[PDB]
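Novice: below you'll find the sequence and an experimental structure to go with it.
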Amino acid sequence: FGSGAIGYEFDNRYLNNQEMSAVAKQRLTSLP
Amino acid sequence: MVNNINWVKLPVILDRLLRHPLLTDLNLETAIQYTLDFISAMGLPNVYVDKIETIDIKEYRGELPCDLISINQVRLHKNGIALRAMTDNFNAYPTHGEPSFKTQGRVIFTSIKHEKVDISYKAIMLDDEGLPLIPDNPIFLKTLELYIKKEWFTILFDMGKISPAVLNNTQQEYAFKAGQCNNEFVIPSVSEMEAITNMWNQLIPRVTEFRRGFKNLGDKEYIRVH
């Protein structure tokens, strides 16, 4: 059948947690 | 400063920024604000125009010029004797000396009641438009360009539209050129190291150059033969 309001929010939340991991590897380094 | 300050209009900085395709949404309006933040943060006294105005003090107060940014000295008009600074907490206030001044807004607060004073000050150089005019120094111009590129990239890094490696390169390159631009404007010319030489080499030390307009500061000290 079909209804995609919980498939959407779980997929949108998995890409959020994957994006959250990617921005936690960002470093503005502090050697010369 | 070794080089002369030849003046150019603000849109000459926009030919240089819009060579970068990520800085193509920049304006004159954004170039105006980021220039004045840059001009201030460097604090180079060669970028300002030296002016002198005589104002009259009515009662320990006088109205300051509209373009004034920093006072070089205030002095009296009839004597030429310079005013130092107001350390008094109770200045023009009576109960039941060496003259002074104090400036907060567009008002100067002196120690003298009814007197005319000369004020030597610094202003910003303007255009035919009432807009700032910047040096054509390609060191100044490059690091003003790197200033605006670092303020625009900092917004874009907060938005997530710039790599942290990209901003780290811009923050590094602005950091080098800002010291090179400081040293370009501060380090004296050959003709200013001669006045520095004459102040430094003084057998009888001259310790009252503030009373004059620092006029005889770089004068050479001569000793008679005996």
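Specialist: Happy to help now that I have it. Numbers count the residues shown, from 1 in each chain, chains lettered A, B, ... in the order given.
Novice: and the residue in chain A that chain B sits nearest to, how far is that from residue A:20?
Specialist: Shortest chain A-to-chain B distance, computed as C-beta to the nearest C-beta: residue-wise this is residue A:26, at 4.5 Å. For the C-beta atoms, the positions are set from N, CA and C on the backbone; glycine is no exception. For residue A:26, the distance to residue A:20 under the criterion C-beta to C-beta, to the nearest Å works out to 11 Å.
Novice: quick one: which of the two has more around it?
Specialist: Here residue A:26 and residue A:20 are compared on neighbour count by other C-beta atoms under 10 Å in any protein chain shown; more neighbours surround residue A:26, at 12 against 9.
Novice: can you name the residue of chain B nearest chain A?
Specialist: Relative to chain A, the nearest point of chain B is residue B:164 (4.5 Å; C-beta to the nearest C-beta).
Novice: picking up where we left off before, what's the closest non-adjacent residue to the residue of chain A closest to chain B?
Specialist: Nearest residue to residue A:26 in three dimensions, chain neighbours excluded: residue B:164, at 4.5 Å (C-beta to C-beta, 6 or more residues apart in numbering or on different chains).
Novice: residue A:23 is in contact with the one you found, correct?
Specialist: No. Under the contact definition of C-beta atoms under 8 Å, residue B:164 does not touch residue A:23, with a separation of 9.3 Å.
Novice: these two: who's more crowded?
Specialist: For the pair residue B:164 and residue A:23, the greater number of neighbours falls to residue B:164 (14 against 9), based on other C-beta under 10 Å.
Novice: what residues are up against that one?
Specialist: Residue B:164 is in contact with A:26, A:27, A:28, B:157, counting by C-beta atoms under 8 Å, 6 or more residues apart in numbering or on different chains.
Novice: mind running it again at 10 Å?
Specialist: Under the criterion of C-beta atoms under 10 Å, 6 or more residues apart in numbering or on different chains, the contact partners of residue B:164 comprise A:23, A:25, A:26, A:27, A:28, A:29, B:157.
Novice: now these: which count as buried?
Specialist: Among the contacts of residue B:164, those that count as buried by neighbour count (16 or more other C-beta atoms under 10 Å in any protein chain shown) are residue B:157.
Novice: the contacts of residue B:164 into CSV, with extra columns for secondary structure and distance to residue B:187?
Specialist: Converted to CSV, the contacts of residue B:164 look like this (DSSP: H, G, I helix; E, B strand; the rest coil; distance: C-beta to C-beta, whole Å):
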residue, secondary structure, distance to residue B:187
A:23, coil, 43
A:25, coil, 43
A:26, coil, 38
A:27, coil, 36
A:28, coil, 31
A:29, coil, 31
B:157, helix, 34
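Novice: from the contacts of residue B:164, which two are the most distant?
Specialist: Taking C-beta to C-beta as the measure, the contacts of residue B:164 span a maximum distance of 15.8 Å, between A:23 and A:29.
Novice: for residue B:26, pull up the helix or strand it's in.
Specialist: Under the criterion DSSP states H and E, no helix or strand holds residue B:26.
Novice: test my guess that it contacts residue B:149.
Specialist: Yes. The pair residue B:26 / residue B:149 is scored as a contact, 9.3 Å apart, by C-beta atoms under 10 Å.
Novice: cheers, nothing more for now.
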